[PDB]
Amino acid sequence: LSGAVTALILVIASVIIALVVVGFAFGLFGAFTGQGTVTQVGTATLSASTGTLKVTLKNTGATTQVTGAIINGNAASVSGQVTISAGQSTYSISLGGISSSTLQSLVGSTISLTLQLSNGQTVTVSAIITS
Amino acid sequence: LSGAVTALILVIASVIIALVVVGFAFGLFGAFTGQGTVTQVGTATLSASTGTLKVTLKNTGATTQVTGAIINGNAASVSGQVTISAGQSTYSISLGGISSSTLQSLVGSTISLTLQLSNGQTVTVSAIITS
Amino acid sequence: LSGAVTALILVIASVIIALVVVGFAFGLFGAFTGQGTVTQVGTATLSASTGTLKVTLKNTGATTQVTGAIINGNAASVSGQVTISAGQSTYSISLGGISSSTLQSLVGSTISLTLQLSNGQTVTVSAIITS
Amino acid sequence: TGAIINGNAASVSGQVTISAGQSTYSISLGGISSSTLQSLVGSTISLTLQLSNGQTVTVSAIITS
Amino acid sequence: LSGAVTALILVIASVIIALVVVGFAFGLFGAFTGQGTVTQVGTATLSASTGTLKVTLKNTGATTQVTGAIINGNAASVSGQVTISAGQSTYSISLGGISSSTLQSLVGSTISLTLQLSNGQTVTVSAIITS
Amino acid sequence: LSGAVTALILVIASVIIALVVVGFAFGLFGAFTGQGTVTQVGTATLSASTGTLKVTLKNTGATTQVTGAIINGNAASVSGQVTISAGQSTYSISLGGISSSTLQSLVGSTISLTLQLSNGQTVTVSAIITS
């Protein structure tokens, strides 16, 4: 009775394995939709005095973190106001790692930043270098 | 009978997954068309007394909100008359956040505003600075 | 003689199960091809008097039904002339659920509709709002 | 045996014995007229042939005149 | 011997299914290339007497049909000389559905037509309204 | 014990097959990235005396070969200086297959060449026909 029981135990266990696969696939399909996306809607300004960036970020997803920023081909780190909530509202980043040595010559012009979020997404920002 | 049942349960579940993907794609294709677009048709005037902007905005989409306005390299917030209905009709924005200190010297000239809507779209407005 | 008969009955029944799976897969492959697709070829016009839409829809598939329409961020239902036959010919939808309150201001402009068919497919239509 | 076209089943009469090899086949597909295919000249349709051995084959066809 | 035969019958049938998919994909790739494209090369003239349009249409594809024409925001049907062969040669459309009521005032000016072909493609024509 | 051993040997062999597929996919993903791309940065000049082309080609990939060139609707072959190394540096192609019969009338004007590399990529070059 090896064939009477063994193929039976395989066909019982295979239902368990298939349901685990389908449940994991539906959980992953639920996960990557609401994982969190962030874009810019607000045409940020980059003050040349302290590097304070007044950005507006739309977030129709989960809570993310801001890790670093690419500016002028240089990486830079941030310290505070990096916890992005859901919603657009308005964000104010104290972008350290750069001084007014190179931004004094570009007052009034336009620069392109690249924020690096915590969830793998990067967001490019078109900034007006104001004073 | 592991291969007799398991590939069968996969090919039954894959129809469900594919139909969910196709239905989500068609729902998204329906969503981003009628999501709401707003443009200017009316050649707005900016009164220098109180900052009252008499704008005309065409809207062939859904109901949106006006969040802020970029003027002279400065961001400014708004308070009332921001619920854009469908249709052109005529809109009257009490644009706060600026005084007649800088607009008194430009009476009769032309300025360029940038309204920031709630749905990510921004609209630039060519305004006549009247008194 | 448990192993002499049992594995034999499994290998006889497994042919039946495998042929049922292959026949179902080929039937599904036949079904989703000729299930019915509908697109627009004809550059429809939306009359603002009664909402009568003169659309042209190409259908290289089966007979479908028109259920509803998305217009200006609003859902709307339909009543008559919704049985789409095969072929392009020409279709005339009495689109109820909207009046000339909002379409009187947009005479001559262009709007984007979203028809929702019965077979899950949605079709966006670029319409000229004529009078 | 048959062909699925526009959500309709249709039967065939002649030139249905498929030999081995690619060569070329010419099916007199009856069961439909030029009532509905006159409006789709030059476009693309999708047929579904149903063979005798259970296999079905979908064909991407150019509706020429 | 359920696993000795069943996975074998699946791996034999899967070759058939994969080859049918690849053959259908290559047939579709062959079909949509030579399906038929039509453009204008010839700067058509629209006679205001009878509406006779002397157009020149380049066709590097298959034989198509002309179904209707959009003129002045109005749809119109055609009757004869609609079978477009391959090649540029020259075409003469008896465009019915309009009279010299509105085209008498525009003699010598330029209008823009929109022909609607049978294969989904539409072609806009820049026409000189001659007499 | 046919089901006790056979599904076991399938589930052992399937790990081998899946790892071979994943390793081949990652090897292909490694291969097509660094396969070799070549573009123009240098605004080449085409001397009309001997057909000597002084081109500058940027190559962030592997070593490629120059096979032929399309000029004036004519194919032409090359003989020497076709081994493109990595880097921009500067390249000098003795483009045979054409004389100064047709290029004498176009001294000072601009022509468009199409080099055909060995790795399937083609590169169009905007050349100044100098003397």
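Structure determination for this PDB entry is given in the record as cryo-EM, at a resolution of 4.1 Å.

Trainee: Just checking my understanding: could you explain the sheet that holds strand β4 (residues 56-62) of chain D for this structure?
Mentor: Working definition: the strands of a sheet are paired by backbone hydrogen bonds and lie parallel or antiparallel to each other. All names here are of chain D. Pairing within the open sheet is antiparallel, and its four strands lie in the order β2-β1-β3-β4. With one partner strand each, in any of the chains shown, β2 (8-11) and β4 form the two edges of the open sheet. For this sheet, the mean inter-axis angle between neighbouring strands, taken without regard to orientation, is 30°. Pairing analysis gives three bridges linking strand β1 (residues 2-5) to strand β3 (residues 44-50), with the strands arranged antiparallel.

Trainee: Help me understand the packing of helix α1 (residues 2-33) of chain C against helix α1 (residues 2-33) of chain E, please; the structure alone is not making it clear to me.
Mentor: Each packed pair of helices is defined by two parameters, the angle between the axes and the distance between the axes. Relative orientation of the contacting elements α1(C) and α1(E) amounts to 20°, with a least axis distance of 9 Å. In terms of their interaxial angle, α1(C) and α1(E) are classed as roughly parallel. By crossing handedness, the relation of α1(C) to α1(E) is classed as right-handed. Contact residues: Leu10(C), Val11(C), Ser14(C), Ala18(C), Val22(C), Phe26(C) and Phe29(C) in α1(C); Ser2(E), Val5(E), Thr6(E), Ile9(E), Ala13(E), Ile16(E), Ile17(E) and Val20(E) in α1(E).

Trainee: Can you help me understand the interface of chain B and chain C in this one?
Mentor: By convention, interface size is frequently given as the accessible area that disappears when the constituent parts associate. Contacts between the two partners involve 17 residues from chain B, matched on the other side by 21 residues from chain C. Taking both partners together, chain B and chain C bury about 1,700 Å²; carbon and sulfur atoms supply 71% of that area. Contact with chain C buries surface across chain B, with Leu1(B), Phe26(B) and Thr60(B) losing the most and accounting together for 28% of the total. Joining chain B to chain C, the criterion identifies zero salt bridges.

Trainee: Explanation requested: the arrangement of the chains in the structure shown.
Mentor: Ranked by contact count, the leading pair among the twelve pairs of chains in contact consists of chains B and C. Here chain A and chain D are not in contact; the least distance found between their C-alpha atoms is 27 Å. The closest approach of any C-alpha atom in chain D to one in chain F is 27 Å; the two make no contact.

Trainee: Quick question: what am I supposed to make of the pairing of strand β10 (residues 122-130) of chain A here?
Mentor: Each regular strand displays side chains that alternate between the two surfaces of the sheet. Residue and element names in this part refer to chain A. Of the two faces of β10, the one lined by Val123, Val125, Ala127 and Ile129 is fully buried and the one lined by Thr122, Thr124, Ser126, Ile128 and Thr130 carries no buried residue. Where strand β2 (residues 45-47) and β10 come together, three bridges link them in parallel fashion. Bridge pairing links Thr45 to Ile128 in β10. In this sheet, β10 lies alongside strand β9 (residues 110-117) in antiparallel orientation, the contact comprising seven bridges. Bridging from a neighbouring strand, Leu115 pairs with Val123 of β10. Adjacent in sequence and paired antiparallel, β9 and β10 are bridged by four residues, among which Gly120 carries a positive phi angle near 85°.

Trainee: Looking at this model, I keep getting lost on the nonpolar core. Mind explaining?
Mentor: Formed by 26 residues in total, the largest nonpolar core has its most connected members in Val55(C) and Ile111(C). Within the residue set of this core, elements represented by two or more residues are β3 (52-55), β5 (64-71), β8 (91-94), β9 (110-117) and β10 (122-130) of chain C. With residues near it in sequence (within four places) discarded, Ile111(C) still touches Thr60(B), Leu46(C), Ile71(C), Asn72(C), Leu103(C), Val125(C), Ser126(C), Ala127(C) and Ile129(C).

Trainee: Teacher, can you tell me more about the environment of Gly97(E) here?
Mentor: Residues and elements named next belong to chain E. Tracing the sequence through the fold places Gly97 in the loop between β8 (91-94) and β9 (110-117). With a relative accessible area of 76%, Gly97 lands in the exposed category. When the C-alpha positions of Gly97 and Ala75 are compared, they lie 8.4 Å apart, and in sequence the two are 22 residues distant.

Trainee: Explain α1(E) here, please?
Mentor: Along an α-helix, residues three or four apart share an orientation, since each turn contains 3.6 residues. For α1(E), which comprises 32 residues, the first-to-last C-alpha distance of 47 Å matches the rise-based estimate of 46 Å (1.5 Å per residue) to within 8%. Taken residue by residue, α1(E) has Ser2(E), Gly3(E), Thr6(E), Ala13(E), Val20(E) and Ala31(E) as its buried positions. Its buried side turned inward, α1(E) meets α1 (2-33) of chain A, α1 (2-33) of chain B, α1 of chain C, β3 and β4 of chain D together with α1 (2-33) of chain F.

Trainee: Looking at this model, I keep getting lost on the UniProt feature "transmembrane region" (unreviewed entry) in chain A. Mind explaining?
Mentor: As recorded in UniProt, the sites labelled "transmembrane region" (unreviewed entry) are residues 2-29 of chain A. End C-alpha to end C-alpha, residues 2-29 of chain A measures 40 Å, and it is 100% helix and 0% strand.

Trainee: Explain the environment of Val12(D) to me, please; I cannot follow it from the model alone.
Mentor: All names here are of chain D. Tracing the backbone shows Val12 in the loop between β2 and β3. Judged by relative accessible area, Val12 falls into the partly exposed class, the value being 26%. C-alpha separation for the pair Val12 and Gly30, spaced 18 residues apart in sequence, amounts to 5.9 Å. With near-sequence residues (within four places) excluded, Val12 lies in contact with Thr1, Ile27 and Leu29.

Trainee: Explain the pairing of strand β6 (residues 74-77) of chain B to me, please; I cannot follow it from the model alone.
Mentor: Residue and element names in this part refer to chain B. As paired strands, strand β5 (residues 64-71) and β6 are joined by four bridges and run antiparallel to one another. In the sheet register, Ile71 faces β6, and the bridge partner there is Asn74. Where β5 hands over to β6, the hairpin turn is made up of two residues, of which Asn72 adopts a positive phi near 60°.

Trainee: Even after reading the chapter, I still don't get the side chain of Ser47(E), so can you show me in this structure?
Mentor: All names here are of chain E. Its place among the elements puts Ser47 in strand β2 (residues 45-47). Judged by its relative accessible area of 16%, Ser47 is buried. In this structure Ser47 touches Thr52, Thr130 and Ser131, once residues within four positions along its chain are discounted.

Calculation notes
Residues numbered from 1 in each chain as written, not as in the entry; some residues may be left out. Chains lettered and ligands numbered in written order. Part of a larger assembly, values for the part shown. Heavy atoms only, no water. Pairing = 2+ DSSP bridges. Helix = DSSP H or I, 4+ residues; strand = E, 2+ residues; numbered from the N terminus. Axes fitted to C-alpha atoms, helices over the stretch in contact; angles between N-to-C directions. Parallel < 35°, antiparallel > 145°, perpendicular 65-115°, else oblique. Left-handed = near helix turned anticlockwise from the far one by under 90°. Contact = heavy atoms within 4.5 Å. Buried area = accessible area lost by both parts, 1.4 Å probe. Salt bridge = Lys/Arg side-chain N within 4 Å of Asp/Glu carboxyl O. Buried < 20%, exposed > 50% of the residue type's maximum accessible area, 1.4 Å probe, protein only. Core = buried A, V, L, I, M, F, W, Y, C linked by side-chain atoms within 4.5 Å. Expected span 1.5 Å × (residues − 1). UniProt positions renumbered as here; feature names shortened; annotations may be inferred.

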